[PDB]
Structures are given as C-alpha cells and as structure tokens.
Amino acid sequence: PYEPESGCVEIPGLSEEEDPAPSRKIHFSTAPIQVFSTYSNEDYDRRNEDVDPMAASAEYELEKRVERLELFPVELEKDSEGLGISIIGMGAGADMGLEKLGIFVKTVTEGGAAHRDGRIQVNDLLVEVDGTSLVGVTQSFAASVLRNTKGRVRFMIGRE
C-alpha cells in the first residue's frame, strides 16, 4: 500500500561572485536553490551486494580467449552409457585454483555417443550445454550440468 510523497524546500542560493569577467556570457543565479525530496534509504535500498569485481574479472579473462576460438554447435543423442566424454577444468593462466575454469574435453569414450558422432574431440572447449554457459565455472558445476542432460543434448564447442 505504498504512497510516494513529494516536496520542495528552499536553501540559500549561490553567493554573488567577486568581479566576474565582462566577456563571460554565462552567469549564475543567486536565487534560493530548490531541494526536492527523493526516497529515504529505508524506502529505497540503494545498496547492491551482488557486485563482485574480482569474480567478474576472473570470468572475463577466460571469456576473452574463447572468442579467439571458432564456435560450432554439436547435438548428441544421450543413450544408456551417457555422453561418452570426460572433462577437465583449466584456469586462465598459471595456478588459478578451482573457481573460474574453462571446461575441456579430456576423454572421448571409444564407442560412446560423442565418439560415433565424430565431431567433439580431446581438448575441445565446452562453451554451452543445454543452454547453460560453462565458460568460467567450477568443474563440479560442469559435471552437474552434464549429468542432468537428457535425450538430444545441444552443445556449443570451441577448438584451439
């Protein structure tokens, strides 16, 4: 049942200035300054705790490399044996830890769905799987995405 309210208060205006140049065309009002009311902090929480420049920049370095790659869609039929691939997370540079990784194809199982399709190969980058980005993610997140895929699975793939 919110009821916004508006109002205006006047405060002292700009001071008269000492000797302004005669060639100056603009001038400044000495009239009172209108101070209008906007929302209080209680009414309008302007904080935003979701900004994380450190995580963003870590993701971004990884993203910059992928657009140097040529991207191609792949569609695989997921059967009883799964997708027929294993994955490995690699960092954007040396010794980056576990948080923001590129997800690479480590293994293509002989006789598996990826193998007989022929397109996906070892060291391919998994960019997107069933509409979910895997660029700058943990390996466990990637593994969860891949486990949850069903039927005809839609990929975007990058290759060095």
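The numbering used is simple: start at 1 and walk along the sequence shown.
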{"property": "Mean C-alpha temperature factor, higher of 92 to 100 and 64 to 72", "result": "64 to 72"}
{"property": "Mean temperature factor over C-alpha atoms, higher-scoring stretch between 141 to 149 and 14 to 22", "result": "14 to 22"}
{"property": "Position of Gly112 among the chain's modelled residues by C-alpha B-factor, lowest, middle or highest third", "result": "highest"}
{"property": "Relative C-alpha B-factor of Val35, binned into the chain's lowest, middle or highest third", "result": "middle"}
{"property": "Ranked against its chain, the third holding the CA B-factor of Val122", "result": "highest"}
{"property": "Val51 by Cα B-factor - lowest, middle or highest third of the modelled chain", "result": "highest"}
